[PDB]
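# Build me a model from this:
(chains A, B and C)
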Amino acid sequence: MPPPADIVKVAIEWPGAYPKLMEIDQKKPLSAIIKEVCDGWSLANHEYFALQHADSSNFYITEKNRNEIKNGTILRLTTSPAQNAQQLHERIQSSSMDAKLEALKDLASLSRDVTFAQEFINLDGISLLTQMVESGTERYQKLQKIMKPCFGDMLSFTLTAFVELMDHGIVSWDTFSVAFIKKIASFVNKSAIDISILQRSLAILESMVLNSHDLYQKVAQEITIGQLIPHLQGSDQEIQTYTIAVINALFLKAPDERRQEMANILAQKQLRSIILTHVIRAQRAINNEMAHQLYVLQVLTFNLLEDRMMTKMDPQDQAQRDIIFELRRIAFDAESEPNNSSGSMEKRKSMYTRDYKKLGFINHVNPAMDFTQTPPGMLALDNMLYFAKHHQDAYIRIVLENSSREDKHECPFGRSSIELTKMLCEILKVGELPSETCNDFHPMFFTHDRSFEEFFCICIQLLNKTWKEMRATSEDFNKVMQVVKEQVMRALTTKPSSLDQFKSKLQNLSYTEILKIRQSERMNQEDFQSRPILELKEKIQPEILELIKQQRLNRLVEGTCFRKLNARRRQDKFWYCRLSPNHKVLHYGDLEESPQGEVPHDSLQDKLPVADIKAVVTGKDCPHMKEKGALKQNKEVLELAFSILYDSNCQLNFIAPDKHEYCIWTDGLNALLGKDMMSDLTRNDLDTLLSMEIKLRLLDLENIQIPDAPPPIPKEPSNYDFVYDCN
Amino acid sequence: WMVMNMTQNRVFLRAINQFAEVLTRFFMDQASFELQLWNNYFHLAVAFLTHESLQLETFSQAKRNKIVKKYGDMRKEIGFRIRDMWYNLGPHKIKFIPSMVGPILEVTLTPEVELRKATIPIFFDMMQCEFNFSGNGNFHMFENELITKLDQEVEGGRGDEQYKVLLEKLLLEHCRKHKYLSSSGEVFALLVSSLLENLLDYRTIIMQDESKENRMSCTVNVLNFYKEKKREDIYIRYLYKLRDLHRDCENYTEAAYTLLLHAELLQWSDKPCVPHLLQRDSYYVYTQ
Amino acid sequence: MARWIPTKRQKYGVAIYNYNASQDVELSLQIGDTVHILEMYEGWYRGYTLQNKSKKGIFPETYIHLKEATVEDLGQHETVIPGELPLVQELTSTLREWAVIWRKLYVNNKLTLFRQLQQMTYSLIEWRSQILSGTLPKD
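Numbering: from 1, shown residues only, chains lettered A, B, ... in the order given. Sure, the structure comes next:
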């Protein structure tokens, strides 16, 4: 039974006055709330007060967004919107410049509400603004040279207000006049405008292009390719995004013939080269808007190819016959004599059949039957034209290679090209509306105006090389498709810079080395610190440390040659301290010089109670090193100090040869007390043991992602009824 | 080439199986002549049986998994063939005794359970056959060397205790399957099991730290069993071991006691008819 | 824990991390805890863990990565390239043997042989990760 929520706490602030507390119920209509507020505060004229949110939004209470009210939130009382609109209208024609400035600033800041915008427009605000703009053309000219900054700022605020009003769509389409377009054009024509003014003008232009198509023609009448290029010279990324977006808007609702014309204009100006030398080489904060610009320019290039490739090439075209005749002449000038150029069509058909029986073509009477399917259609013809123009050596090599295929696995060029084009269209998502969230960008599209063709050429050359290496058969079409899709995805994810460098890096990439190194780095970071991975190894540590201590004890059992203290005057310096196979007693004492090692026998001091050993002091706490007479130890053996303290009056101080076995001995001594290890050798072994065990156990999750959040617990039946018998 | 070894053993199993089938085909009771070949037959069968066992493959479980996946255990069907051949052979077990006592021990002390469970009743069958043969007297002359070979097996390191419990359960079952001779059978088998746990303690303490009292109790128990069964060979060798250990602990009084035991169990006959009291370390006249 | 159906499309029971101790038979499961499950349920799977094949362990479907692959990876076309996943499974057996190898290699100090074995196993796991997915020509 939840407690009632009809009681809430909220403070209503005032400018310069401290708040007052009252309970407000949002279920009741706002009129009732206002009446109750007026009754509580004894305030008349209930229609002259309203409510607003004092948060960062600074918005009034609305019927659709009133749930943002939360207990313990600052809220201040404001004047009613009608009074605010009235005072703003009165101060529009006031005699104070500062009053106009602040009123316009407040109006622009508080123009994010729709219903109050409707209320303000109901007072013929739009008509008044239009009249003051039309009559203000020559009014501000006298004081323009005096207060250009403030006037420009107010103009920018007014433009923002108009933009948001258009976004809400309150203003009718027919209400737009040519005066606004003329004013924007005049602002653009001015050579003393700021970058912000230019950005606002270009935003207005792109919005107008989005509005209609005739206005787009009107603005294109005053668009030159030589003025938007100086805009690219500015290193600012935002202005580049705006200019590219307007350029795309030029390609949205224009005839395809004019699309080709302006594409040719861009090519003759070589826009992509200056784009590469300006925005591609920039290492600043690349915008997601810039990524959208790259994607939409890629789509524009795709459409400029499609509007010429979407059509079907008629097989009955004699001009097409002549074009393919010249193409096959410049391609197959090894098997076909040069004299057939002036020959008859019978030799043409003979060459057709003899050169298509080796290229996997079935029909030899109508060779142009395979040209009625788009994509690509005539695009492959342009590709082979380019191959003959630039790659004539490779063209002749391929021509003499495909016909020389003696493995009975000749690849049909047309079918492979069609399949690759279909795969590229599928992966690149050609024919779909632009996404509102995805911001993928490929910097290789601006290297050339024909960058898609160059990418296709690189892809087909790589595929030909890979197929030559593999010598594939007819049973791995799925393998070919999946491998080409994966390699294209991997190439695009690398974000290449130059076509030659991209092609070199295609072969330079190893066999999934990046994935392996990323997995290793992630595993190392998780082992250092992680929530869902690190706890796995430390959770299970009962056996590794136990076996480490067992190994240390075995090292104690086998034993070695020990050293005594102050062996100077006919005193032995080598002896043994061997642990019993029961791991309970120590055999040690004064022994002779045994080069072989330990001598298995009973020593002088055969008993060493391990159940009464307090601890083993390490370092300078050894009593034997504190000698003040003649038995002082050397300073170089400070790292070899360890004494098994017992009986509180006698000490068994042993001397180690060097550091590693001293650490082994102290590890054994600490394991005898059932404590942690204190050895550099052990920590070296400790890390590799756990790492090796985890490396062994991670095999089951190979090729499978490991979720980080704990998986849920689905419900189970309460009964233990076994449909299938156990065991 | 352990795979070569196992294929060789598989074909050896095939060869032994076809030998058994041809023996059953033409060497039944009517072929009562030249029956000595069965001794070498079963000697070869046991020698083949006594390798590639559980402890051989026990190093890693994967080896056991793969071998049971591809071939399965072979010693099991080896024991099955041995037991069915013994069942179908006939009443001629009397001649087998001095030869069959030894080899059956290895399959007797097998680490597994199921095959030994199926093989145990061969002991009841041979005991009843031995009684049928030796009703004109006693039948100790099997248990004597049975104990000898059991001692040798445990000294080889193949003793077990839950196996002793299983042995006792099975022999109680077989005695309940039998008549008044069940009492003698079960008391002798209780002696056998007590001696077996004696040697189990001896072997499980000879590897641990020396204590020198539990081993002494176990050894005096084996001496009691041997003097109870009128057997001296294992008795004299074990008192020799006692005397060596007592020399190690400079205890002359118990050494004198054991020497008196040897003297009182040694007759005044001056002809060394039984050569077991001699020592095989050297070779000379060794006159008594 | 009712409605359990025999199935053979779950021989590769993939864990995630140390499973919760809500179930007594279940402990902090390791990464490579393959469960040879013989019973099927919509959201839970109880089968024999590789660590203890004689002990059942109930594992949620969300904790189990769906692996229809059996020991034979050619019947269900699981192999990325035919005749290669038998190599990966025998390599898994080899690594499960490497487990006891390193478990025994510390009882007796074989430092030179141990170090060279470490290098060999490092190269082995590198190559196993490289050939986790078959995408190279037959040579």
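
# State the number of residues packed around the nearest residue to residue A:689 once chain neighbours are set aside.
Take residue A:689 and drop its neighbours on the chain: the residue closest to it by C-beta to C-beta, 6 or more residues apart in numbering or on different chains is residue A:544, 5.3 Å away. From N, CA and C alone the C-beta is placed, and that goes for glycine too. Per other C-beta atoms under 10 Å in any protein chain shown, the neighbour tally for residue A:544 reads 18.

# Verify the stated contact: residue A:544 with residue A:692.
No. Residue A:544 is beyond contact range of residue A:692, at 9.9 Å (criterion: C-beta atoms under 8 Å).

# For the residue of chain B found nearest chain C, list the residues it contacts.
Residue nearest to chain C within chain B (C-beta to the nearest C-beta): residue B:60, separated by 5.5 Å. Residues in contact with residue B:60, defined by C-beta atoms under 8 Å, 6 or more residues apart in numbering or on different chains, are C:97, C:100.

# Distance check, it against residue C:23.
From residue B:60 over to residue C:23 the distance is 30 Å, taken as C-beta to C-beta, to the nearest Å.

# Check residue A:466 too.
51 Å.

# What of residue A:175?
Applying C-beta to C-beta to residue A:175 and residue C:23 gives a distance of 72 Å.

# Next, the buried residues of the helix or strand hosting residue A:526.
Taking DSSP states H and E as the definition, one finds residue A:526 inside helix A:513-528. Neighbour counts over helix A:513-528 (16 or more other C-beta atoms under 10 Å in any protein chain shown) mark A:523, A:526-527 as buried.

# by contact count, what packs against the helix or strand that that helix is followed by?
Downstream of helix A:513-528, the next assigned helix or strand under DSSP H and E is helix A:534-539. Secondary-structure packing of helix A:534-539 (3 or more C-beta pairs under 8 Å, 6 or more residues apart in numbering or on different chains; DSSP states H and E): helix A:513-528, helix A:680-697.

# contacting residues around helix A:534-539?
Outside helix A:534-539, the residues that touch it by C-beta under 8 Å, 6+ apart are A:526-528, A:690, A:693-694, C:17-18, C:28, C:30-31.

# follow-up on the earlier one: wait, what's in contact with the residue nearest to residue A:689?
Counting by C-beta under 8 Å, 6+ apart, residue A:544 makes contact with A:686, A:689-690, A:693.

# just how off-centre is stretch A:99-114 within its chain?
Mean C-alpha position of stretch A:99-114 versus that of the full chain (C-alpha atoms, centre = their mean, to the nearest Å) differs by 38 Å.

# Could you do stretch A:387-399 as well?
With C-alpha atoms, centre = their mean, you get 40 Å for stretch A:387-399.

# hmm, back to that, comparing residue A:175 and residue C:23, which residue is more hemmed in?
residue C:23 (15 against 9).

# could you check the distance from the more buried one over to chain A?
Noted for residue C:23: a distance of 10 Å to chain A, by C-beta to the nearest C-beta, to the nearest Å.

# try residue B:108
Here residue B:108 is placed at a distance of 31 Å from chain A (C-beta to the nearest C-beta).

# Repeat that for residue B:31.
48 Å.

# Run a quick neighbour tally on that residue.
The number of residues near residue B:31, taken as other C-beta under 10 Å, comes to 10.

# if we can go back for a sec, show me which of the buried residues of helix A:513-528 is closest to residue A:563.
In terms of C-beta to C-beta, no member of the buried residues of helix A:513-528 lies closer to residue A:563 than residue A:527, at 39.6 Å.

# Show me which residues of chain C are close to chain B?
C:93, C:96-97, C:100 (C-beta under 8 Å from any C-beta of the partner chain).

# cutoff 6 Å now
Selection of chain C residues close to chain B by C-beta under 6 Å from any C-beta of the partner chain yields residue C:100.

# Against the centre of chain C, work out the most remote residue.
residue C:112 (30.1 Å; C-alpha atoms, centre = their mean).

# what about the helix or strand residue A:261 falls within, distance to the chain center?
Taking DSSP H and E as the criterion, residue A:261 maps to helix A:256-269. Its chain's C-alpha centre and that of helix A:256-269 lie 34 Å apart, by C-alpha atoms, centre = their mean.

# helices or strands next to that helix in the packing?
Secondary-structure packing of helix A:256-269 (3 or more C-beta pairs under 6 Å, 6 or more residues apart in numbering or on different chains; DSSP states H and E): helix A:288-309.

# picking up where we left off before, quickly note the distance from the residue farthest from the centre of chain C to residue A:559.
22 Å.

# Please apply the same query to residue A:549.
Noted for residue A:549: a distance of 17 Å to residue A:559, by C-beta to C-beta.

# One more: residue A:493?
Taking C-beta to C-beta, one finds residue A:493 at 60 Å from residue A:559.

# quick one: which of the two has more around it?
residue A:559 (17 against 10).

# give the contact list for the closest residue to the more buried one other than its chain neighbours.
With sequence-adjacent residues excluded and distances taken as C-beta to C-beta, 6+ apart, residue A:559 is closest to residue A:578, at 3.9 Å. Contacts for residue A:578 (C-beta atoms under 6 Å, 6 or more residues apart in numbering or on different chains) come out as A:559, A:587, A:598.

# from those, which single one is nearest residue A:235?
residue A:559 (75.4 Å).

# about what we covered before: please produce a markdown table containing the contacts of residue A:578, extended by secondary structure.
Output for the contacts of residue A:578, formatted as a markdown table (DSSP: H, G, I helix; E, B strand; the rest coil):
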| residue | secondary structure |
| --- | --- |
| A:559 | coil |
| A:587 | strand |
| A:598 | coil |
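
# is any part of the helix holding residue A:526 close to chain C?
Yes. Interface with chain C: helix A:513-528 contributes residue A:516 (C-beta under 6 Å from any C-beta).

# Restrict that helix to CA atoms and write it as PDB.
Taking only C-alpha atoms (Å, rounded to 0.1, in the frame of the first residue of the first chain), the coordinates of helix A:513-528 have been written out as PDB:
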ATOM      1  CA  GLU A 513      46.500  -9.400 -36.300                       C
ATOM      2  CA  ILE A 514      44.600  -6.300 -35.300                       C
ATOM      3  CA  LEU A 515      41.800  -8.400 -33.700                       C
ATOM      4  CA  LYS A 516      44.400 -10.600 -31.800                       C
ATOM      5  CA  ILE A 517      46.300  -7.600 -30.500                       C
ATOM      6  CA  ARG A 518      43.100  -5.800 -29.500                       C
ATOM      7  CA  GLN A 519      41.900  -9.000 -27.700                       C
ATOM      8  CA  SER A 520      45.300  -9.300 -25.900                       C
ATOM      9  CA  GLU A 521      45.300  -5.700 -24.800                       C
ATOM     10  CA  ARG A 522      41.700  -5.900 -23.600                       C
ATOM     11  CA  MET A 523      42.600  -9.100 -21.600                       C
ATOM     12  CA  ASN A 524      45.600  -7.400 -20.100                       C
ATOM     13  CA  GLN A 525      43.600  -4.400 -19.100                       C
ATOM     14  CA  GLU A 526      40.900  -6.600 -17.600                       C
ATOM     15  CA  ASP A 527      43.500  -8.600 -15.700                       C
ATOM     16  CA  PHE A 528      44.900  -5.300 -14.300                       C
END
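
# That one: how far from the chain's middle?
Computed by C-alpha atoms, centre = their mean, the chain-centroid distance of helix A:513-528 equals 18 Å.
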